[PDB]
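S.K.: Next one to model:
(2 chains)
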2 protein chains.
Amino acid sequence: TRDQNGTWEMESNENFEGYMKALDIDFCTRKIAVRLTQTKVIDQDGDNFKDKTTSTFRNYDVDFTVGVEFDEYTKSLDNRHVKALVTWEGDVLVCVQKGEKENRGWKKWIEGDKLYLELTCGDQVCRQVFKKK
Amino acid sequence: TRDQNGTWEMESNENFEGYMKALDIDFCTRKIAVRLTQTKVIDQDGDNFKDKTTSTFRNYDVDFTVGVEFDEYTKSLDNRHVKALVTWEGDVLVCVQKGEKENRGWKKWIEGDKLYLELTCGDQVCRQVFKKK
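M.R.: Numbering: from 1, shown residues only, chains lettered A, B, ... in the order given. Structure data below:
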């Protein structure tokens, strides 16, 4: 049929690497585009089309209750099982990710309208700040 | 303030490489995760949090009309300038991308509730199958 209207999600992708190498796309760029899923939104009205293709790199989503230990699987990070626990220390949201890697956790808090994130794992600390959209 | 509600977009991302290396994340993944802006959406009800963090790898919007040639700049993938002509072949949307690469183009058609996309460049053929939602 010619009616290509609707939102479509990639379920298979054959020889995406060979086609990208034929376009002289860089090495690390190809090895990830093969792994990622793609969503295609098409608005077709008559002879005019509008194709919006989006490939999401990371789509993490976790729920929790402060003070209640829960099982966390970092699917889109390292894909490991950690028993996370989120507690309050002042107004800072502190978390401990009990698992194989030692000193793993994060701290989250706002001051003004900036979300601060302190991702820690072993000897490394990652600092990220966010603006309100 | 403990209220972390809202949609937050990444401002800075310091030492994401070191934090990802501490989690044994591969090199190519680190080289791309470092260069992407993240968006955090927190739905908070007291101590019940809903944290969803997403990052977009590729996004591409194209507007074209069947039978009218248009200048296409492949924002994703290739970043080359091609003159694309999209035409109907029965129920198959056939497009030719006249440019640097020989035999560059794609074919798109619907069968049932699935979108089939065949990308062609040189002697390489990439076949992508989508599913209507």
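S.K.: what helices or strands is the host helix or strand of residue A:119 leaning on?
M.R.: Assigned by DSSP states H and E, residue A:119 falls within strand A:114-121. If you count contacts as 3 or more Cβ pairs under 8 Å, 6 or more residues apart in numbering or on different chains; DSSP states H and E, strand A:114-121 packs onto strand A:104-110, strand A:124-132, helix B:16-22. All C-beta spots, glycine's among them, are computed from the backbone N, C-alpha and C.
S.K.: which residues are contacting the second one?
M.R.: Residues from elsewhere that reach strand A:124-132 (Cβ atoms under 8 Å, 6 or more residues apart in numbering or on different chains): A:113-120, B:6-16, B:18-19, B:21-22, B:38, B:40.
S.K.: what's near enough to touch residue A:70?
M.R.: A:64, A:83-85.
S.K.: out of those residues, which is most surrounded?
M.R.: Neighbour counts for the contacts of residue A:70, by other Cβ atoms under 10 Å in any protein chain shown, peak at residue A:84, which reaches 21 neighbours.
S.K.: Please name the nearest non-neighbouring residue to that one.
M.R.: For residue A:84, ignoring the flanking residues on the chain, the nearest one in space by Cβ to Cβ, 6 or more residues apart in numbering or on different chains is residue A:72 at 4.2 Å.
S.K.: doesn't residue A:98 make contact with the one you found?
M.R.: No: using Cβ atoms under 8 Å, residue A:72 is not in contact with residue A:98; the gap is 9.6 Å.
S.K.: Need the overlap of contacts for those two.
M.R.: Common neighbours of residue A:72 and residue A:98 (Cβ under 8 Å, 6+ apart) are A:82-84.
S.K.: closest to residue B:33 among the residues you listed?
M.R.: Minimum separation from residue B:33 among the shared contacts of residue A:72 and residue A:98 (Cβ to Cβ) is found for residue A:82, which lies at 18.9 Å.
S.K.: is it true that the closest one touches residue A:102?
M.R.: No: at 11.5 Å, residue A:82 does not count as touching residue A:102 under the criterion of Cβ under 8 Å.
S.K.: Tell me the strands beside the strand holding residue A:119, with direction?
M.R.: Sheet pairing here is set by DSSP bridges, and for strand A:114-121 it gives strand A:104-110 (antiparallel), strand A:124-132 (antiparallel).
S.K.: from the chain's centre, how far out does the helix or strand harbouring residue A:54 sit?
M.R.: Secondary structure from DSSP H and E places residue A:54 in strand A:48-65. Relative to its chain's centre, strand A:48-65 lies at 9 Å (Cα atoms, centre = their mean, to the nearest Å).
S.K.: repeat for stretch A:46-60
M.R.: 17 Å.
S.K.: Which residues belonging to it are considered buried?
M.R.: Applying a neighbour-count criterion of 16 or more other Cβ atoms under 10 Å in any protein chain shown, one finds A:49, A:51, A:53-58 buried in stretch A:46-60.
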